[PDB]
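Novice:
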Amino acid sequence: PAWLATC
Amino acid sequence: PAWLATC
Amino acid sequence: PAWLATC
Amino acid sequence: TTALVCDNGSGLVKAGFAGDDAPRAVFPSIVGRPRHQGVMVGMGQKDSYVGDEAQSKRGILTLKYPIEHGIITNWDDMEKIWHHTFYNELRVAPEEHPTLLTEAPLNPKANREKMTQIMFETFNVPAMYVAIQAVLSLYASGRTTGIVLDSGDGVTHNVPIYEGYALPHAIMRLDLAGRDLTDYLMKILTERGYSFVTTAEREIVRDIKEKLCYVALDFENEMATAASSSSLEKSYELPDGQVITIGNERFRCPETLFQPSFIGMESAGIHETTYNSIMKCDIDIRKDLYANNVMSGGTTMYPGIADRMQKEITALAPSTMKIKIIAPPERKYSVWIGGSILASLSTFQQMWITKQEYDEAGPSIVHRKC
Amino acid sequence: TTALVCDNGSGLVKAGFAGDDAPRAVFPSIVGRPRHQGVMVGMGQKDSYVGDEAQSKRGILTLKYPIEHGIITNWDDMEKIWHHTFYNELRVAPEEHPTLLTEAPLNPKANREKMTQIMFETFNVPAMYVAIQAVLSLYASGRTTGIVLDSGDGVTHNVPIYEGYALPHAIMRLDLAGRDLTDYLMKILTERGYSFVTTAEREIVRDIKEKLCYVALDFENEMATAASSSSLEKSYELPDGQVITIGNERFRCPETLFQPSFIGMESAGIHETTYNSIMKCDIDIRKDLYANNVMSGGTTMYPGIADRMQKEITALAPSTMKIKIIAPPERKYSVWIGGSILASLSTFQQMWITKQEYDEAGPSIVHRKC
Amino acid sequence: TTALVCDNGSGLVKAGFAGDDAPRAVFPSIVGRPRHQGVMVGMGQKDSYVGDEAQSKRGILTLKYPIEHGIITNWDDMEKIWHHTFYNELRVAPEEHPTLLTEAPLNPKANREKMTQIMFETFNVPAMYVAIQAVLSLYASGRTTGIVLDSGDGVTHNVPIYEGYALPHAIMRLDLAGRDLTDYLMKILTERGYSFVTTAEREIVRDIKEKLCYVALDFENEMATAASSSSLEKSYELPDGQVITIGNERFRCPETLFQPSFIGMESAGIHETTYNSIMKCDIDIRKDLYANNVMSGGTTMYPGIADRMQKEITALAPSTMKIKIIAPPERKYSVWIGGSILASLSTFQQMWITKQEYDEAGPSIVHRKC
Ligand SMILES: Nc1ncnc2c1ncn2[C@@H]1O[C@H](COP(=O)(O)OP(=O)(O)O)[C@@H](O)[C@H]1O
Ligand SMILES: Nc1ncnc2c1ncn2[C@@H]1O[C@H](COP(=O)(O)OP(=O)(O)O)[C@@H](O)[C@H]1O
Ligand SMILES: Nc1ncnc2c1ncn2[C@@H]1O[C@H](COP(=O)(O)OP(=O)(O)O)[C@@H](O)[C@H]1O
Ligand SMILES: [Mg+2]
Ligand SMILES: [Mg+2]
Ligand SMILES: [Mg+2]
């Protein structure tokens, strides 16, 4: 979630 | 309340 | 990996 | 009747008829297996998916590749793909007419034997045979003689052909292809801050690569100007509206291909590989070979790969002999054009390994027809 | 050879036969017991009341909800309700009628085991089965993809599904459907001057919120325009003949639904948890779910909840992704319609949990077959 | 003129000195913010708590873990935590002693740059440096080569090293840590009957996990034994005074850590990725890495994981490759011990990153030098 895209 | 612990 | 040994 | 061709690449499978300049089935080779039990009974059948359906849906299920680095691993998935391309895509029985197969150089004779055995047993084809991607690509390009560099999804190689005679001790191959390219792309993108770890994400980044990746000329200066300026970078839109940006990975991945040291594999680049393959021959033929260097495959679909390659091979070679590299826009289907023309001509007919020969001698006979 | 369905809600319960498109017998799932000991002899008095009888005569009977937040806590009252709805409202013997049950996604396995054991033993039915309200609410509309947000009387949740395959790692559940809402409405009415603490008063508040209260779009702007202009103050009559005016409570109640902080919780609103559940899903199904997102449940009947929900989800979601929330009429019965359709489907018959399986492997068989 | 060190793991920060042989300051990396309003005065009630205070009192405020999966999201919270661990825990000054931070592989260069920029501009530290927890644990254990497998509350990963030489192509990462493990445990407890949704409840769940959860050898056999008998059931006490019972979750949690399919994550297991990384190395070091395989981190403190990992890896790999897992009794602070040793070493001094060097070149020096 905190990868600016995926996860 | 009816969760045998919390709530 | 799929050479039954190396790679 | 007529003939049929079906090239099985590490990433894709391209099958069609003969005598045509364009294939029909161009579809990826991947088996989709759901990762969830499913609760709805209405639409829950078709456990395993094959073809473009497994690409239209790829999240709720995992994708497995049947071919890795050109070598087959799951005969079950391979025969599934064969049945799909025969009865669903082509919608033609295999017993009617024979088909042509493909196999990269230096591949296991055991794998070739298993391929021909399955083809003659399960499908009960009257005749069959396998060829090489390099010779087919060269015959498609139409050049008389020279060196051919073919790089698919998981395998790359270069081979010379002169005076109508192959050279066993001249071929030079490597397992570095689009697969390791997209792997390193995922790694450097994780470095950037994003993340792509699963198989659907692997295919998404593969699409991103094949869409917006270009090669450079001077690696150091290009990296410097990319780190300084921000005009070359570009943004991409994901299916869910999310947006990403790329400023240096696009032209760093081609350098990764040119510099296997980044991947960690202690080997030589494609330019040094070609130079070594040429040097092992005789200079009198090397002279005419330098000007005849054809490129094929999808990995070489980068815009400007010919420029960097020719510049590097010229810097490594003497300017006394003319040099030139050619790569028409049809670097993908060239093998299919070669197979089509080879099946259309009447000579190779005699070379068709017939069902009678296989059942009376066995599959091992293929060891001589190559 | 017919079927039967009985959806047991936390607040209500709706049972009847399959095949039809609408429920047959719907009534509140409550139990009223007399509190004032001593009655006039000769006329006779019953021990306990159920169904609409309690709501009709409740000034003397204390009410009890045998279900709380989707969990069962009074098995005697549950058995009494089942007997009443199987022998009085329908007047049908269940020994020759396979029934169907419902249950929230995440509930005590012991509760499910006790439910199935009771239904198998105390009724001697041929077979039974359980399901999730989400799957039936989706079957109602017929679509097979998308996410569904259900909100009953004491429990709410959201569940995605794609091509029949559900994502259990994305399901979300909360205990804010209508009970904390009724409690907060009582609190705000006491703040206004009107006191409501008993059970009959609780049903009165349930009715007044069902009839009057509605959600808004801009909470702050609506509060301001209501405090300034007295155009929203609406009057409601009571069984005695009085009249009571209500203002900003109609906004504060759905606002409490969206902001549990007013109730004393730290969890986020339905929109935030829905976006989180969709985030844990892959990107392709994320896109496919943003379009088809359905809302069901009795609590969902608030006028103006779809527009506000889509506004919030768009504000917190990226652009270039059309979000078409759907909320058809008669949605509070969507679970019943889905259950009826499932029971009518011939294939689903094979999934029935018979009596032999229970007698052999005990009630735990419910899990394996689910 | 001594130095210090501070690991900023997502689970809890651990700061200490170099000359020491064990960490002195250690506390969770959380930040609590009150959700209520507060009425009483004179108590000096602050607005944002950090450290053991938010752990002692957690039912009146919402907690936040600023670092998620090894990535920072709340730089203000990280600065607050650094101030607390530099001034409150141990009364020292940053300008007087050089610092030494640590991070995980593949961490964003932007994250590293912002970290160093904050550390330089806010505290005006003389010198600093960044390293990788794997080589830190190696230097702590005293060995030089081997394959490190670290697993913290934030993320997990593994990397091989040969005579101080790393192999980025062999590094492998994974986002299966205590957070998702506790989430899955709370979900399974909800399925069992016990509910835990809040942050304080999540902390209680983490505590009961680290206290009870134990990995098993044969998952199916243990599940059968648990479902058959009850000798494995354990009882835990809560602050409310009531107790709870736990059955198979204690080993289903580490099995989810081993089988991401239980949580709904398409990836490989810890042993599978370890073997994959080992296979990507050179044959002349495969054996040396098999025997010199060391584990670290707090998440891997489960009892019985060493034997389980050994059995799995030796059954997956061939024979004549004797394995010796290094799982010493102290591993939660092994990284800190290695950091203290490296800081006390002499040569490492010349490898410091000073303040004037950063002011001249910039923050990019952090990823350009180490
Ligand atoms: N437009 C493009 N730009 C860059 N790379 C491409 C492009 N199209 C295809 N590719 C790469 O080429 C590969 C396909 O190889 P292919 O030529 O099908 O091998 P084969 O000849 O064995 O079938 C893919 O893995 C993809 O990464
Ligand atoms: N028209 C309406 N407006 C507002 N709330 C309603 C309306 N109709 C029903 N409700 C609320 O919905 C609840 C019924 O929940 P229900 O959907 O029956 O749960 P379940 O799906 O578990 O049976 C009632 O408690 C009531 O407060
Ligand atoms: N004795 C134990 N048994 C099981 N788990 C433990 C034990 N001690 C700590 N843990 C787990 O390890 C985690 C701490 O991770 P840690 O090693 O501090 O990460 P980092 O190395 O990033 O600081 C905690 O979340 C806890 O759940
Ligand atoms: Mg190829
Ligand atoms: Mg409900
Ligand atoms: Mg850690």
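Sequence lines, in order, name chains A, B, C, D, E and F. In my numbering, each number is its position in the first sequence, counted from 1, plus 186. In my numbering, each number is its position in the second sequence, counted from 1, plus 186. In my numbering, each number is its position in the third sequence, counted from 1, plus 186. In my numbering, each number is its position in the fourth sequence, counted from 1, plus 26. In my numbering, each number is its position in the fifth sequence, counted from 1, plus 26. In my numbering, each number is its position in the sixth sequence, counted from 1, plus 26. Note that beta-carbon positions come from the ideal geometry of N, C-alpha and C, so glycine has one too.
1. So that I know if they touch, is there some Cβ in chain B lying closer than 8 Å to that of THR326 of chain E?
2. Run through the DSSP bridge pairs and tell me what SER167 of chain F is partnered with.
3. Measuring from each Cβ to the nearest heavy atom of ligand 6, keep the ones under 5 Å and list them in chain order.
4. Roughly how many angstroms separate the alpha carbons of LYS358 of chain E and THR326 of chain E, rounded to a whole number?
5. So does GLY204 of chain D have its beta carbon nearer than 7 Å to some heavy atom of ligand 4?
6. When the Cα of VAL161 of chain D is compared with those of D:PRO152, D:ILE187 and D:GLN143, which residue comes out closest?
7. Please classify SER370 of chain E: does DSSP put it in a helix, a strand, or coil?
8. Cutting at 6 Å between CB atoms, please list the residues of its own chain near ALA29 of chain D, excluding the five before and the five after it.
9. Hey, is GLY323 of chain E close to ligand 5, as in C-beta under 7 Å from one of its heavy atoms?
10. With a threshold of 16 other CB atoms inside 10 Å of the CB of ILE86 of chain F, please say whether the residue is buried or exposed.
11. Flag this pair as touching only if the segment 262 to 282 of chain F and the segment 302 to 309 of chain F have three or more C-beta atom pairs under 8 Å; answer yes or no.
12. Would the beta-carbon of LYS40 of chain D fall within 8 Å of that of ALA48 of chain D?
13. Could you tell me the distance, in whole angstroms, from the CA atom of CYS396 of chain E to the CA atom of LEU175 of chain F?
14. Is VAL320 of chain D near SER167 of chain D, with beta carbons less than 8 Å apart?
15. Just to confirm, is the Cβ distance from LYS235 of chain E to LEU207 of chain E under 8 Å?
16. Is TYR240 of chain D close to ligand 1? I mean its beta-carbon at under 7 Å from any heavy atom of the ligand.
17. What residues in its chain sit with their C-beta under 7 Å from that of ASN137 of chain E, if we drop five residues either side in the sequence?
18. Around the C-beta of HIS297 of chain E, are 16 or more other C-beta atoms found within 10 angstroms, so that it is buried, or is it exposed?
19. So is the beta-carbon of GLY37 of chain D under 7 Å away from any non-hydrogen atom of ligand 8?
20. Please determine if the segment 222 to 234 of chain F and the segment 131 to 150 of chain E are in contact, where contact requires at least 3 C-beta pairs separated by less than 8 Å.
21. Here's the rule: buried if 16 or more other CB atoms are within 10 angstroms of the residue's CB, otherwise exposed. What is residue 8 of chain D?
22. Classify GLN159 of chain F as buried or exposed, calling it buried when 16 or more other Cβ atoms lie within 10 Å of its own Cβ.
23. Cutting at 7 Å between CB atoms, please list the residues of its own chain near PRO286 of chain D, excluding the five before and the five after it.
24. Please list, in chain order, the chain E residues whose beta carbon lies closer than 8 Å to that of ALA188 of chain B.
25. Beta carbon of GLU189 of chain D, beta carbon of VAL151 of chain D: below 8 Å?
26. Quick check: the Cα distance between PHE374 of chain E and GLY364 of chain E, rounded to an integer number of angstroms?
27. Please determine whether the Cβ atom of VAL31 of chain E lies at a distance below 7 Å from any heavy atom of ligand 3.
28. Would you say the beta carbon of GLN159 of chain E comes nearer than 7 Å to a heavy atom of ligand 2?
29. Under DSSP, the beta strand (DSSP E) around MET198 of chain D begins and ends at which residues?
30. Identify the continuous alpha helix (DSSP H) that holds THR216 of chain D and give its terminal residues.
31. Taking CB distances under 8 Å as the criterion, tell me whether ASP209 of chain E reaches chain B.
32. Tell me which residue opens and which closes the alpha helix (DSSP H) that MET249 of chain F is part of.
33. Distance, Cα to Cα, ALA353 of chain F vs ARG84 of chain F?
34. Answer with buried or exposed for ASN184 of chain F, where buried requires no fewer than 16 other C-beta atoms within 10 angstroms of its C-beta.
35. Start and end of the alpha helix (DSSP H) containing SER82 of chain E?
Specialist: Once the coordinates are examined:
1. Residue numbering aside, residue 326 of chain E sits at position 300 when the fifth sequence is read from its first letter. Not an interface residue.
2. Mapped onto the sixth sequence, residue 167 of chain F falls at position 141. Paired residues: none, contrary to the question.
3. F:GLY35 and F:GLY178
4. As a working note, residue 358 of chain E is residue 332 in the fifth sequence. As a working note, residue 326 of chain E is residue 300 in the fifth sequence. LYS358 of chain E and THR326 of chain E: Cα-Cα distance of roughly 8 Å.
5. The residue given as residue 204 of chain D occupies position 178 in the fourth sequence. Because no heavy atom of ligand 4 lies under 7 Å away, the Cβ of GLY204 of chain D does not count as near it: no.
6. Translated into positions along the fourth sequence, residue 161 of chain D becomes position 135. It is D:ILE187.
7. For the purposes of this step, residue 370 of chain E is taken as the residue at position 344 of the fifth sequence. Note: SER370 of chain E maps to helix in three-state DSSP.
8. For the purposes of this step, residue 29 of chain D is taken as the residue at position 3 of the fourth sequence. Excluding residues within five positions, the ones whose Cβ falls inside 6 Å are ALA44 and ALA369.
9. Position 297 of the fifth sequence, counted from the start, is the residue given in the question as residue 323 of chain E. True, at least one ligand heavy atom lies under 7 Å from that Cβ.
10. Locating residue 86 of chain F in the sixth sequence gives position 60, where the first residue counts as 1. Taking every protein chain shown into account, the CB of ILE86 of chain F has fewer than 16 other CB atoms within 10 angstroms, so this residue is exposed.
11. no
12. What you label residue 40 of chain D is simply residue 14 of the fourth sequence in a count that begins at 1. What you label residue 48 of chain D is simply residue 22 of the fourth sequence in a count that begins at 1. Going by C-beta atoms, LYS40 of chain D is not nearer than 8 Å to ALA48 of chain D.
13. As a position in the fifth sequence, residue 396 of chain E is number 370, starting the count at 1. As a position in the sixth sequence, residue 175 of chain F is number 149, starting the count at 1. Computed Cα separation, rounded: 39 Å.
14. Numbered from its first residue, the fourth sequence carries residue 320 of chain D at position 294. Numbered from its first residue, the fourth sequence carries residue 167 of chain D at position 141. Closer than 8 Å, so yes.
15. As a first step, residue 235 of chain E is located in the fifth sequence; it is residue number 209 there, counting from the start. As a first step, residue 207 of chain E is located in the fifth sequence; it is residue number 181 there, counting from the start. Closer than 8 Å, so yes.
16. Counting from one through the fourth sequence, the residue named residue 240 of chain D turns up at place 214. Not so, every heavy atom of ligand 1 lies at least 7 Å from the Cβ.
17. As a first step, residue 137 of chain E must be located in the fifth sequence, where it is residue number 111. Short of 7 Å from the beta carbon of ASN137 of chain E, and not among the five residues preceding or following it, lie these beta carbons of its own chain, in chain order: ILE97 and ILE98.
18. One-based indexing of the fifth sequence puts residue 297 of chain E at position 271. It is buried - the Cβ of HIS297 of chain E has at least 16 other Cβ atoms within 10 Å.
19. Among the ligands modelled here, namely ligand 1, ligand 2, ligand 3, ligand 4, ligand 5 and ligand 6, ligand 8 does not occur.
20. As far as the Cβ criterion goes, the segment 222 to 234 of chain F does not touch the segment 131 to 150 of chain E, which means the pair count is below three.
21. Residue 8 of chain D is absent from the structure shown; chain D starts at 27 and stops at 396.
22. Start at 1 with the first residue of the sixth sequence, and residue 159 of chain F comes out as number 133. It counts as buried.
23. In the fourth sequence, the residue the question calls residue 286 of chain D occupies position 260. Here the set comprises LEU202, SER293 and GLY295.
24. Along the second sequence, read from residue 1 onward, the residue named residue 188 of chain B stands at position 2. Within chain E, the residues near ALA188 of chain B are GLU94, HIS95, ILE97 and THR99.
25. The residue given as residue 189 of chain D occupies position 163 in the fourth sequence. The residue given as residue 151 of chain D occupies position 125 in the fourth sequence. With contacts defined as CB atoms closer than 8 Å, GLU189 of chain D and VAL151 of chain D fail to qualify as a contacting pair.
26. By 1-based counting over the fifth sequence, the position of residue 374 of chain E is 348. By 1-based counting over the fifth sequence, the position of residue 364 of chain E is 338. C-alpha separation (whole angstroms): 12 Å.
27. Residue mapping note: residue 31 of chain E aligns to position 5 of the fifth sequence, counting from 1. Incorrect: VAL31 of chain E has no Cβ contact closer than 7 Å to ligand 3.
28. Here the question's residue 159 of chain E lines up with position 133 in the fifth sequence. Flag set: Cβ of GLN159 of chain E near ligand 2.
29. As a working note, residue 198 of chain D is residue 172 in the fourth sequence. Per DSSP, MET198 of chain D belongs to the beta strand (DSSP E) from 198 to 200.
30. Within the fourth sequence, residue 216 of chain D is the residue found at index 190, counting from 1. For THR216 of chain D, the uninterrupted alpha helix (DSSP H) segment begins and ends at 204 to 218.
31. The residue labelled residue 209 of chain E in the question sits at position 183 within the fifth sequence. Not an interface residue.
32. In the sixth sequence, residue 249 of chain F corresponds to position 223, counting from 1. From DSSP, the alpha helix (DSSP H) with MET249 of chain F extends over 245 to 254.
33. By one-based count along the sixth sequence, residue 353 of chain F stands at place 327. By one-based count along the sixth sequence, residue 84 of chain F stands at place 58. One C-alpha to the other measures close to 34 Å.
34. Here residue 184 of chain F refers to the residue found at position 158 when the sixth sequence is read from its first residue. Counting the other CB atoms within 10 Å of its CB gives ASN184 of chain F a total of 16 or more, which places it among the buried residues.
35. Sequence index remark: in the fifth sequence, residue 82 of chain E carries index 56 (1-based). Per DSSP, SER82 of chain E belongs to the alpha helix (DSSP H) from 78 to 82.
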